[PDB]
Trainee: 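One structure coming up, written as structure tokens, with questions to follow.
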Amino acid sequence: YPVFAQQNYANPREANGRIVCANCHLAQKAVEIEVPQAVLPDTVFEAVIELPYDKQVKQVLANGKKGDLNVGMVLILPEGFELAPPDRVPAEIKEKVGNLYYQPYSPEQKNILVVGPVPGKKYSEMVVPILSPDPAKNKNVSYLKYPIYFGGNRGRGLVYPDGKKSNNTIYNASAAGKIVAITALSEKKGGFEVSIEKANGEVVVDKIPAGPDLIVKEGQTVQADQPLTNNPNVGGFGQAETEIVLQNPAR
Ligand code: HEC
């Protein structure tokens, strides 16, 4: 979630240009962003974002069932740029944005907007209203060509802030040995327990939560770190760049 990024990285964009969502949403899926090639000072323009994905395909939910995906993003604008205030946003534009509540990454970083989690069904495409700055007032911005960084995500991440995996990833054998048994868990608890008899006869038991499907069976021998399930993840993260020129009016 965008809040996980806000709570674990002062700056969402790393030196090499990679966005921190990429530290937990490990699969890549293309995204697109579009802004006008140029804008006048203190003006309201729009950024249009695409977070494409097949909506017929469902993901593994936290509870282990299948279901809809949620989207979120981070928009890194130049110093000085900021979310357009409600009163400066055209009604036609207001309707386009919908019931979305963009927010600064931090109170001190008003040029970094985030949003989500929100339903992917209705927000596969998002419109963000930005207020261009004015160098004639702000010493920190000039009439240049500025870069714009974007990061969009679809689906539940594979790793939590504490470092543990979610149920939306590949599970591997904790040891090498023969699979002596595969017990399904409850009916409400879901998942399976895969008992592996090691060379020394000791039997370890790998717990696999509901979500991913098994690709092994009783009698099969596996190596340590060998995948026991498929890769359930159907979401993805993506980054895109663009740029905008901050025009200099001339009277
Ligand atoms: C690792 C510490 C993470 C960071 C950094 C970010 N996300 Fe994340 N995200 C993470 C997990 C483990 C999950 C699943 C949580 C759960 O309880 O199931 C998520 C989930 C989201 C979602 C929800 C999608 C859904 O289908 O429900 C969204 C839209 C999302 N994350 C977006 C997102 C963005 C844009 C981030 C960067 C700004 C980002 N996440 C970072 C783990 C982590």
Side-chain angles (χ1 to χ4, degrees), residues 1-33 47-77 83 98-128 148-171 189-191 208-212 229 231-241:
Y1 303 111
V3 64
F4 284 170
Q6 293 165 286
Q7 296 305 308
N8 299 294
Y9 311 76
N11 184 181
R13 185 171 178 279
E14 277 161 33
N16 66 19
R18 193 189 57 175
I19 300 178
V20 304
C21 311
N23 287 308
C24 301
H25 290 278
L26 285 21
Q28 165 184 45
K29 273 186 174 51
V31 301
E32 302 169 53
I33 178 166
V48 191
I49 284 169
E50 301 307 311
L51 296 179
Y53 71 102
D54 184 338
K55 290 163 184 184
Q56 310 297 56
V57 181
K58 288 192 174 182
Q59 80 172 320
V60 169
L61 301 178
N63 63 21
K65 302 188 69 173
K66 302 300 188 71
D68 306 315
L69 286 68
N70 290 303
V71 297
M73 70 87 213
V74 46
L75 176 57
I76 303 169
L77 298 160
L83 172 65
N99 205 192
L100 284 172
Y101 303 71
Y102 299 106
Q103 294 229 44
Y105 193 79
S106 75
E108 308 75 4
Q109 312 177 84
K110 294 189 173 182
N111 54 304
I112 306 181
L113 306 186
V114 302
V115 86
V118 294
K121 286 164 296 187
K122 183 193 293 182
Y123 303 126
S124 187
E125 177 178 298
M126 303 185 283
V127 175
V128 204
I148 296 187
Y149 308 104
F150 169 61
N153 176 70
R154 284 133 298 185
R156 303 178 53 252
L158 321 197
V159 56
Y160 293 96
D162 61 58
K164 297 182 178 182
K165 292 188 308 170
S166 62
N167 59 5
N168 197 44
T169 189
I170 307 170
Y171 281 74
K189 174 123 70 176
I208 304 175
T229 64
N231 174 353
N233 175 31
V234 299
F237 177 67
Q239 309 192 206
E241 299 90 1

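Ligands are counted one by one from 1 in listed order, and the atoms in each one are counted from 1 as well. Positions are given from 1, in the same order as the sequence printed here.
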Trainee: Report yes if some heavy atom in the side chain of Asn23 is under 4.5 Å from a heavy atom in the side chain of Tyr9; otherwise report no.
Mentor: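 They are in contact (side-chain heavy atoms under 4.5 Å apart), so the answer is yes.
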Trainee: Give me the atom names and distance for the closest heavy-atom approach of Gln6 to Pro104.
Mentor: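 Here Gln6 and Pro104 meet closest at NE2-O, 3.6 Å.
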Trainee: What is the minimum heavy-atom distance between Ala62 and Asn167, and which atoms define it?
Mentor: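 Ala62 and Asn167 have their closest heavy atoms at O-ND2, 3.1 Å.
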Trainee: Any pair with a residue in residues 1-30 that passes salt bridge (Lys or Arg N to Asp or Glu O under 4.0 Å), sequence neighbours left out, goes on the list, sorted by first then second residue, please.
Mentor: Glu14-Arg18
Trainee: Identify, by atom number and element, the atoms of ligand 1 in contact range of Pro161, meaning under 4.0 Å from any of its heavy atoms.
Mentor: 2 (C)
Trainee: Applying salt bridge (charged side-chain N to carboxylate O under 4.0 Å, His left out), name anything that partners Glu125, two or more places apart in sequence or on another chain.
Mentor: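 With neighbours one apart ignored, the set is empty.
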Trainee: Looking at ligand 1, does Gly155 have a heavy atom less than 4.0 Å from it?
Mentor: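 Yes.
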Trainee: Are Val31 and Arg154 close enough that some pair of their side-chain heavy atoms sits under 4.5 Å apart?
Mentor: yes
Trainee: Within ligand 1, which atoms have a heavy atom of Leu69 less than 4.0 Å away?
Mentor: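 Those atoms are 26 (O).
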Trainee: Hey, does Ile76 have a side-chain heavy atom less than 4.5 Å from the side chain of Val74?
Mentor: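 Sidechains of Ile76 and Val74: in contact.
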Trainee: Of all the atoms in ligand 1, which lie at a distance below 4.0 Å from a heavy atom belonging to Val159?
Mentor: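 Those qualifying, in numeric order: 1 (C), 12 (C), 42 (C).
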Trainee: Short list, please: which atoms of ligand 1 are under 4.0 Å from a heavy atom of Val71?
Mentor: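 So the answer, numbered in order with elements, is 29 (C).
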Trainee: Less than 4.5 Å apart, side chain to side chain, heavy atoms only: is that true for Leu69 and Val57?
Mentor: no
Trainee: No waters, cut-off 2.8 Å: how many protein N, O or S atoms are close to atom 8 (Fe) of ligand 1?
Mentor: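 Of the protein's nitrogen, oxygen and sulfur atoms, 2 lie under 2.8 Å from atom 8 (Fe) of ligand 1.
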Trainee: Below 4.0 angstrom from a heavy atom of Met73, which ligand 1 atoms are there? Numbered from 1 as shown, please.
Mentor: 35 (C)
Trainee: When you measure from atom 25 (C) of ligand 1 to each heavy atom in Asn70, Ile112, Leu51, which option holds the nearest one?
Mentor: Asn70
Trainee: Would you name the heavy atoms of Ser166 and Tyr171 that are closest together and state the gap between them?
Mentor: O-OH, 2.7 Å
Trainee: Can you find an N/O atom of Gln59 closer than 3.5 Å to an N/O atom of ligand 1?
Mentor: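 It does: an N or O of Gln59 is found under 3.5 Å from an N or O of ligand 1.
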Trainee: Donor-acceptor pairs under 3.5 angstrom involving side-chain atoms of residues 158-165: please list them, not counting sequence neighbours.
Mentor:
from	atom 1	to	atom 2	distance (Å)
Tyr160	OH	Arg156	NH2	3.4
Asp162	OD1	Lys164	N	2.7
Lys165	NZ	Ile170	O	3.0

